[PDB]
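A look at the structure
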Amino acid sequence: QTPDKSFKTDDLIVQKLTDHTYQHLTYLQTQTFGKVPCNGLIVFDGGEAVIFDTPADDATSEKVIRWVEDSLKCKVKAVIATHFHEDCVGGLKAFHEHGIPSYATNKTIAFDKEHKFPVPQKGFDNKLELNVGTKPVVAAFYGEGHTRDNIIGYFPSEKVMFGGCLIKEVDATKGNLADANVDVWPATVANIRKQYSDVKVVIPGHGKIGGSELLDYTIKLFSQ
Ligand SMILES: [Zn+2]
Ligand SMILES: [Zn+2]
């Protein structure tokens, strides 16, 4: 077993999901969408942690980093931006001030430079393999959808998937399609469903965490 260091505040929620994974949840205030909750993932083992998506800004990012060090007794080994939008890179500056390396695909990094968003520092094409303690962490591209660059995260030792905004909560609407390739989105998530057939936890970019049924739902939503 592992301790439960979950907690809730007005600007930040951290919630245990499995023995070695935690959801982080922050909020992004827009004038065209309003206040939207945003999900990320923390996985850890052996004093090392990896985080998928920054919390929405530098202040909540700072709180998460300190909590990983103080409560989990882990060093944040890396942060991975799962696409170029601000609910993935908004807090990158705080990670960088802590000397925490940030990773994203080269496509994501080009997008962030073009949009003058904070830029992940280390690029890769299609797939990144990290270790947390002795545990594998995967981040990989399976096709376009919510954006042309979106990737997912997987922690196979506990079958936890961070789907990001490519994956919708059950009964969600299509959401923000401004950068989307909707015609291939079903095939992209079908590809993911085919390759992660025993996933136990699926975390959408926004909304309620569930199981593999979030893949089936997302495929339906964009297939009609
Ligand atoms: Zn997005
Ligand atoms: Zn999003």
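Look a little higher up for the structure.
Here's what I pulled together on the structure shown here.

**Description of the coordination of the zinc ion (ligand 2)**
Looking at the zinc ion (ligand 2), the protein donor atoms are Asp87 (OD), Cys165 (SG) and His206 (NE2), and they sit 2.3 Å from it. All donor residues of the zinc ion (ligand 2) come from one chain, and their arrangement in sequence is D-x77-C-x40-H. Assessed through its relative accessible area of 10%, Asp87 is described here as buried. When its relative accessible area of 27% is taken as the criterion, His206 is described as partly exposed.

**Focus on the sheet that holds strand β4 (residues 34–45)**
Ordered in space as β1-β2-β3-β4-β5-β6-β7-β8, the 8 strands form an open sheet in which the pairing is mixed. Two strands close off the open sheet at either side, each with one partner strand: β1 (7–8) and β8 (122–124). Relative to strand β5 (residues 48–52), β4 runs antiparallel, the two being bridged by 5 bridges. Along β5, the bridge assignment pairs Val43 with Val50. Along the sheet, helix α4 (residues 106–114) contacts β7 (102–105) and β8; its crossing angle with β7, the most-contacted strand, is approximately 100°.

**So, the environment of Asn131**
Within the element layout of this structure, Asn131 appears in strand β9 (residues 127–132). Of the residues examined, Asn131 reaches a relative accessible area of 41% and is grouped as partly exposed. Considered as a pair, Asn131 and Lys77 are 54 residues apart in the sequence and their alpha carbons are 9.2 Å apart. With sequence-adjacent residues up to four places away left out, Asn131 is seen in contact with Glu48, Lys77 and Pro136.

**Describing the nonpolar core**
Among the nonpolar cores identified, the biggest contains 23 residues, and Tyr22, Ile42, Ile51, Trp67, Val68, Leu72 and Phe95 are the most heavily contacted of them. Every element with two or more residues in this core is listed here: β4, β5, α1 (58–70), β6 (75–80), α2 (86–89) and α3 (92–97). The element contributing the most residues to this core is α1, with 4 residues. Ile152, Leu166, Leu214 and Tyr217 belong to the second-largest nonpolar core, a separate cluster that totals 20 residues.

**Structural notes on the sheet that holds strand β10 (residues 135–140)**
Here we have 5 strands laid out as an open sheet, ordered β9-β10-β11-β12-β13, and mixed in their pairing. Here the strands that pair on one side only, and so sit at the sheet edges, are β9 and β13 (201–204). The mean inter-strand angle of the sheet, taken between neighbouring strand axes irrespective of direction, is 15°.

**Some details on the pairing of β7**
Bridge analysis of β6 against β7 gives 2 bridges, and the strand direction is parallel. Across the sheet, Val79 pairs through a bridge with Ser102, a residue of β7. By the bridge criterion, 3 bridges tie β7 to β8 in an arrangement that is parallel. Looking at β8, one finds that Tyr103 is bridged to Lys122. Chirality of the crossover, the property in question, places the unit of β7, α4 and β8 among those that are right-handed.

Basis of the calculations
- Residue labels here follow a simple count from 1 along each chain's written sequence instead of the entry's numbering, which may differ, and residues missing coordinates are not shown.
- Throughout, the order in which chains and ligands are written sets their labels, letters from A for the former and numbers from 1 for the latter.
- No hydrogens and no water enter the side-chain calculation; it runs on all heavy atoms of the structure.
- Donor atoms are limited to N, O and S found within 2.8 Å of the metal ion, a distance that becomes 3.2 Å for Na, K and Ca. With water left out, some sites might look partial.
- Throughout this description, buried means an accessible area under 20% of the type-specific maximum (1.4 Å probe, protein chains only), exposed means over 50%, and partly exposed covers the range between.
- Paired strands, in this sense, are two strands between which DSSP finds at least two bridges.
- Strands are runs of DSSP state E lasting at least 2 residues, helices are runs of H or I lasting at least 4, and numbering of each runs from the N terminus.
- Residues are treated as being in contact if the distance between any of their heavy atoms lies within 4.5 Å.
- Every angle, taken between N-to-C directions, lies between 0 and 180 degrees, and every axis is a line fitted to C-alpha atoms, over only the stretch in contact when it is a helix.
- Buried residues of nine kinds, namely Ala, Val, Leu, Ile, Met, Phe, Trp, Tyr and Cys, make up a nonpolar core once their side-chain atoms join them within 4.5 Å.
- Crossover handedness is defined by viewing with both strands directed away from the observer: a clockwise path from the first strand over the helix to the second marks the crossover as right-handed.

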